[PDB]
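J.: What follows is a structure written as structure tokens; I'll ask about it next.
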Amino acid sequence: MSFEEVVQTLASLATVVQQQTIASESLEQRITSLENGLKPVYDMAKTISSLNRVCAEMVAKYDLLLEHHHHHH
Amino acid sequence: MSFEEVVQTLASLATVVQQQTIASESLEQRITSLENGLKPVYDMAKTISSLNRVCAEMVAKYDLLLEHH
Amino acid sequence: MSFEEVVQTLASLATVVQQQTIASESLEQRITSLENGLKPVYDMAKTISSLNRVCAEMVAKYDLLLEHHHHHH
Amino acid sequence: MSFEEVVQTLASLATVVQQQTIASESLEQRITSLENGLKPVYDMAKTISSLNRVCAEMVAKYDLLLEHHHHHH
Amino acid sequence: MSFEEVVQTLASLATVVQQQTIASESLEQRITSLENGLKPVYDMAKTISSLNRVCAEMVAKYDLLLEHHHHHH
Amino acid sequence: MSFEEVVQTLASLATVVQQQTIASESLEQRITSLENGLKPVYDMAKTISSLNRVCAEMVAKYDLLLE
């Protein structure tokens with residue numbers, strides 16, 4: 001290798017390593033964003049329990065008809 | 001108040017009573033069909049206890065893994 | 001078995017039969033109304049069965065999220 | 001027809017008419033029960049409104065993922 | 001550039017590159033974790049759409065019960 | 001560091017940099033794939049507006065029929 005090629009190559013490598021850094025950080029931003037977007041979905045449990053209680057309440061309104069069904073079917 | 005009139009009234013009244021039997025039987029069958037339509041009510045009601053169970057299990061798991069850990 | 005007896009009993013029956021026509025028209029109106037009214041009621045019970053299935057589906061899918069939190073946190 | 005056969009007839013019609021009154025009262029009880037069974041379902045509005053709130057709460061958990069979607073595609 | 005300046009730049013470039021590797025391995029791990037976590041999250045979004053349709057169906061069926069009330073009461 | 005060691009180091013780093021460009025295109029595509037998965041979420045969210053409205057209309061109608 002000539003000293004010229006060592007210099008050109010080292011200069012071309014630095015321009016790439018520079019671009020990789022900018023690309024990384026940007027990627028890291030999108031990753032963090034997605035991670036953070038996921039977090040609130042862990043608290044779905046409470047809303048699912050509310051859905052269950054709504055379901056149970058809807059069913060309960062049919063108690064009298066269900067009793068009629070038990071006697072006539 | 002003629003005997004003739006009483007006989008004719010009885011026969012006419014008999015027809016009317018038969019007409020009422022027919023009409024009443026149709027009303028019965030209409031109510032029966034309405035009662036037959038309670039089936040989805042029964043099928044609906046049958047699903048709630050299983051749902052209450054899987055939800056209770058979810059709540060426990062959420063409690064253990066997220067409320068504390 | 002007197003003629004006055006036959007006539008009075010026939011007049012009695014006549015009015016009872018007339019009464020029943022009236023009672024039957026009333027039940028017929030009430031049945032028509034129930035046919036109209038119970039149609040959406042029964043239809044809704046079908047939608048409530050769907051709601052219950054969708055709720056259980058939510059629960060099972062959210063369970064996978066819980067397994068992820070257990071497995072990755 | 002004879003006077004004998006009138007009492008025969010008149011008596012026989014009273015049994016049918018009597019029987020019809022019983023069948024009709026039995027039917028009236030079934031109608032009443034179905035009418036009473038329908039009533040509680042009128043109150044489903046409040047519960048459907050609760051379901052709507054649940055739906056909106058569930059959607060709201062995805063606000064941050066949805067923000068990410070907006071900025072990226 | 002002199003020879004001593006080429007070695008300055010090289011040892012300086014190696015340190016960002018060795019850092020970048022460690023950073024990218026960490027980013028890789030975080031994306032892998034997201035790939036697992038977002039599976040049930042996206043899946044639940046589909047169930048929530050179903051839920052929303054079910055709610056709209058409940059409202060439309062119940063509307064007919066409200067129409068029944070309006071006409072018969 | 002001799003001239004030879006500077007050359008060997010350069011080629012050593014050139015290889016490491018090559019593998020990092022490759023890995024970054026990979027990590028880029030995985031993220032982009034996850035992001036495309038946000039459509040079902042966008043689709044879910046666009047429906048809530050209509051749903052609130054028809055429910056509000058139902059509630060109002062119910063209240064009117066009570067009054």
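Within each chain, counting starts at residue 1; across the structure tokens, chains are named A, B, ... in the order shown, with ligands numbered 1 upward in that order.
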Can you list every residue of chain B that has an atom at most 9 Å from chain C, with its nearest atom pair and the distance in Å to one decimal, using only C-alpha atoms, ordered by chain then number, as a Markdown table?
T.:
| residue | atom | partner | partner_atom | distance |
| --- | --- | --- | --- | --- |
| B:1 | CA | C:7 | CA | 7.5 |
| B:3 | CA | C:3 | CA | 8.4 |
| B:6 | CA | C:7 | CA | 7.4 |
| B:9 | CA | C:10 | CA | 8.4 |
| B:10 | CA | C:10 | CA | 7.8 |
| B:13 | CA | C:14 | CA | 7.2 |
| B:16 | CA | C:17 | CA | 8.0 |
| B:17 | CA | C:17 | CA | 7.1 |
| B:20 | CA | C:21 | CA | 7.1 |
| B:23 | CA | C:24 | CA | 8.0 |
| B:24 | CA | C:24 | CA | 7.2 |
| B:27 | CA | C:28 | CA | 6.7 |
| B:30 | CA | C:31 | CA | 7.5 |
| B:31 | CA | C:31 | CA | 7.1 |
| B:34 | CA | C:35 | CA | 7.0 |
| B:37 | CA | C:42 | CA | 7.0 |
| B:38 | CA | C:42 | CA | 6.8 |
| B:39 | CA | C:42 | CA | 8.5 |
| B:40 | CA | C:45 | CA | 6.0 |
| B:41 | CA | C:45 | CA | 5.5 |
| B:42 | CA | C:45 | CA | 8.8 |
| B:43 | CA | C:49 | CA | 7.5 |
| B:44 | CA | C:49 | CA | 4.9 |
| B:45 | CA | C:49 | CA | 8.1 |
| B:47 | CA | C:52 | CA | 7.0 |
| B:48 | CA | C:52 | CA | 7.1 |
| B:50 | CA | C:56 | CA | 8.9 |
| B:51 | CA | C:56 | CA | 6.2 |
| B:54 | CA | C:59 | CA | 7.2 |
| B:55 | CA | C:59 | CA | 6.6 |
| B:58 | CA | C:59 | CA | 6.8 |
| B:61 | CA | C:66 | CA | 7.5 |
| B:62 | CA | C:66 | CA | 7.0 |
| B:65 | CA | C:70 | CA | 6.6 |
| B:66 | CA | C:69 | CA | 8.1 |
| B:69 | CA | C:73 | CA | 8.7 |
J.: Residual C-alpha RMSD for chain C onto chain D, least squares, all atoms in order?
T.: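 Across all paired C-alpha atoms, the RMSD is 3.7 Å.
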J.: Using only C-alpha atoms, find each residue of chain F with at least one atom at most 9 Å away from an atom of chain E; report its shortest atom-to-atom pair and that distance in Å (one decimal), sort the rows by chain and rising residue number, and return the result as a Markdown table.
T.:
| residue | atom | partner | partner_atom | distance |
| --- | --- | --- | --- | --- |
| F:1 | CA | E:7 | CA | 7.7 |
| F:3 | CA | E:3 | CA | 8.3 |
| F:6 | CA | E:7 | CA | 6.9 |
| F:9 | CA | E:10 | CA | 7.9 |
| F:10 | CA | E:10 | CA | 7.3 |
| F:13 | CA | E:14 | CA | 6.7 |
| F:16 | CA | E:17 | CA | 7.5 |
| F:17 | CA | E:17 | CA | 7.1 |
| F:20 | CA | E:21 | CA | 7.1 |
| F:23 | CA | E:24 | CA | 8.0 |
| F:24 | CA | E:24 | CA | 7.9 |
| F:27 | CA | E:28 | CA | 6.7 |
| F:30 | CA | E:31 | CA | 7.5 |
| F:31 | CA | E:31 | CA | 7.1 |
| F:34 | CA | E:35 | CA | 7.1 |
| F:37 | CA | E:42 | CA | 7.0 |
| F:38 | CA | E:42 | CA | 7.2 |
| F:39 | CA | E:42 | CA | 8.9 |
| F:40 | CA | E:46 | CA | 6.3 |
| F:41 | CA | E:45 | CA | 5.5 |
| F:42 | CA | E:45 | CA | 9.0 |
| F:43 | CA | E:49 | CA | 7.8 |
| F:44 | CA | E:49 | CA | 4.9 |
| F:45 | CA | E:49 | CA | 8.0 |
| F:47 | CA | E:52 | CA | 7.3 |
| F:48 | CA | E:52 | CA | 7.1 |
| F:50 | CA | E:56 | CA | 8.8 |
| F:51 | CA | E:56 | CA | 6.2 |
| F:54 | CA | E:59 | CA | 7.2 |
| F:55 | CA | E:59 | CA | 6.6 |
| F:58 | CA | E:63 | CA | 6.7 |
| F:61 | CA | E:66 | CA | 7.7 |
| F:62 | CA | E:66 | CA | 6.9 |
| F:65 | CA | E:70 | CA | 7.0 |
J.: Output N, CA and C atoms for every residue in the selection just made, as a compact mmCIF listing (two decimals), in the first residue's frame.
T.:
# COMPACT_ATOMS: atom_id res chain seq x y z
N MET F 1 3.79 2.31 16.01
CA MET F 1 3.18 1.53 14.90
C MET F 1 3.98 1.73 13.62
N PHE F 3 4.66 1.20 9.45
CA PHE F 3 3.78 1.41 8.29
C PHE F 3 2.93 0.17 8.01
N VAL F 6 -0.05 -0.02 10.49
CA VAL F 6 -1.05 0.96 10.06
C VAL F 6 -1.89 0.40 8.91
N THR F 9 -4.07 -2.57 10.30
CA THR F 9 -5.13 -1.99 11.11
C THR F 9 -6.24 -1.40 10.24
N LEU F 10 -5.84 -0.69 9.18
CA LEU F 10 -6.78 -0.08 8.24
C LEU F 10 -7.71 -1.13 7.61
N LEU F 13 -10.12 -2.56 10.26
CA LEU F 13 -11.27 -1.65 10.41
C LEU F 13 -12.17 -1.60 9.18
N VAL F 16 -14.57 -4.37 9.58
CA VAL F 16 -15.53 -4.12 10.64
C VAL F 16 -16.57 -3.12 10.14
N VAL F 17 -16.13 -2.10 9.43
CA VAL F 17 -17.06 -1.10 8.89
C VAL F 17 -17.99 -1.72 7.84
N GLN F 20 -20.78 -3.59 9.55
CA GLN F 20 -21.72 -2.66 10.17
C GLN F 20 -22.69 -2.02 9.18
N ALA F 23 -25.25 -4.92 8.61
CA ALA F 23 -26.12 -5.01 9.77
C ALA F 23 -27.15 -3.86 9.86
N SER F 24 -26.74 -2.66 9.46
CA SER F 24 -27.61 -1.48 9.55
C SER F 24 -28.73 -1.47 8.53
N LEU F 27 -31.11 -4.03 10.29
CA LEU F 27 -31.88 -3.38 11.36
C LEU F 27 -32.88 -2.36 10.79
N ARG F 30 -36.00 -4.39 9.44
CA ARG F 30 -36.80 -4.91 10.54
C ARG F 30 -37.67 -3.82 11.14
N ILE F 31 -37.10 -2.63 11.34
CA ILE F 31 -37.88 -1.52 11.89
C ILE F 31 -38.98 -1.10 10.94
N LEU F 34 -41.90 -3.50 11.13
CA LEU F 34 -42.71 -3.20 12.31
C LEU F 34 -43.58 -1.98 12.11
N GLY F 37 -46.57 -2.55 10.10
CA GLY F 37 -47.57 -3.21 10.93
C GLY F 37 -48.50 -2.26 11.67
N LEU F 38 -48.25 -0.96 11.59
CA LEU F 38 -49.12 0.03 12.23
C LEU F 38 -50.40 0.33 11.46
N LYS F 39 -50.54 -0.19 10.24
CA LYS F 39 -51.79 0.00 9.50
C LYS F 39 -53.04 -0.49 10.27
N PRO F 40 -53.08 -1.77 10.69
CA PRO F 40 -54.22 -2.25 11.50
C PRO F 40 -54.58 -1.33 12.67
N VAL F 41 -53.57 -0.67 13.23
CA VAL F 41 -53.78 0.26 14.31
C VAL F 41 -54.42 1.57 13.82
N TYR F 42 -53.93 2.07 12.70
CA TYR F 42 -54.53 3.24 12.10
C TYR F 42 -55.97 2.93 11.72
N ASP F 43 -56.20 1.75 11.16
CA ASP F 43 -57.55 1.33 10.77
C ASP F 43 -58.48 1.19 11.96
N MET F 44 -58.01 0.57 13.04
CA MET F 44 -58.79 0.52 14.27
C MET F 44 -59.21 1.93 14.71
N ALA F 45 -58.25 2.86 14.76
CA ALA F 45 -58.47 4.17 15.36
C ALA F 45 -59.39 5.06 14.56
N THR F 47 -62.13 4.28 13.28
CA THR F 47 -63.56 3.93 13.45
C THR F 47 -64.20 4.53 14.70
N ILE F 48 -63.41 4.96 15.67
CA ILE F 48 -63.97 5.34 16.98
C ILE F 48 -64.85 6.59 16.90
N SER F 50 -67.02 7.63 14.41
CA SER F 50 -68.37 7.25 14.03
C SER F 50 -69.08 6.55 15.17
N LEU F 51 -68.36 5.72 15.90
CA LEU F 51 -68.96 4.93 16.95
C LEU F 51 -69.49 5.81 18.06
N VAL F 54 -72.84 7.58 16.83
CA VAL F 54 -74.06 6.79 16.84
C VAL F 54 -74.49 6.46 18.27
N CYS F 55 -73.52 6.32 19.18
CA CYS F 55 -73.86 6.08 20.59
C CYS F 55 -74.45 7.29 21.27
N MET F 58 -78.01 7.47 20.05
CA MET F 58 -78.80 6.48 20.77
C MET F 58 -79.15 6.94 22.20
N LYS F 61 -81.80 9.68 22.10
CA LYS F 61 -83.08 9.10 21.73
C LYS F 61 -83.71 8.37 22.91
N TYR F 62 -82.90 7.59 23.62
CA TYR F 62 -83.35 6.96 24.84
C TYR F 62 -83.87 7.99 25.85
N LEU F 65 -87.21 9.34 24.88
CA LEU F 65 -88.30 8.40 25.06
C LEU F 65 -88.68 8.22 26.52
J.: Using only C-alpha atoms and a distance of at most 6 Å, pull out the residues of chain E that contact chain C, as a list in words.
T.: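 That gives residues 37, 40, 61, 65 and 68 of chain E for chain E.
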J.: Could those residues be written to a file, using N, CA and C atoms, as a PDB file, in the first residue's frame?
T.:
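Resulting contents of again-v5.pdb:
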ATOM      1  N   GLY E  37     -42.882  -8.235  21.183  1.00  0.00           N
ATOM      2  CA  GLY E  37     -43.890  -7.470  21.907  1.00  0.00           C
ATOM      3  C   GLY E  37     -45.007  -6.918  21.043  1.00  0.00           C
ATOM      4  N   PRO E  40     -48.545  -9.307  19.740  1.00  0.00           N
ATOM      5  CA  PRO E  40     -49.857  -9.245  20.408  1.00  0.00           C
ATOM      6  C   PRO E  40     -50.476  -7.845  20.411  1.00  0.00           C
ATOM      7  N   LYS E  61     -79.183  -2.520  16.623  1.00  0.00           N
ATOM      8  CA  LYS E  61     -80.264  -3.408  17.039  1.00  0.00           C
ATOM      9  C   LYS E  61     -81.124  -2.773  18.137  1.00  0.00           C
ATOM     10  N   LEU E  65     -85.365  -1.502  19.081  1.00  0.00           N
ATOM     11  CA  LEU E  65     -86.143  -1.607  20.305  1.00  0.00           C
ATOM     12  C   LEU E  65     -86.675  -0.242  20.739  1.00  0.00           C
ATOM     13  N   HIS E  68     -89.570   0.418  18.534  1.00  0.00           N
ATOM     14  CA  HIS E  68     -90.699  -0.343  19.067  1.00  0.00           C
ATOM     15  C   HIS E  68     -91.426   0.398  20.198  1.00  0.00           C
TER      16      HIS E  68
END
J.: At what distance in Å, to one decimal, does atom CA of residue 25 of chain B lie from atom CA of residue 29 of chain D?
T.: 15.5 Å
J.: Any idea what the distance is between atom CA of residue 16 of chain D and atom CA of residue 2 of chain B?
T.: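 We find that atom CA of residue 16 of chain D and atom CA of residue 2 of chain B lie 25.0 Å from each other.
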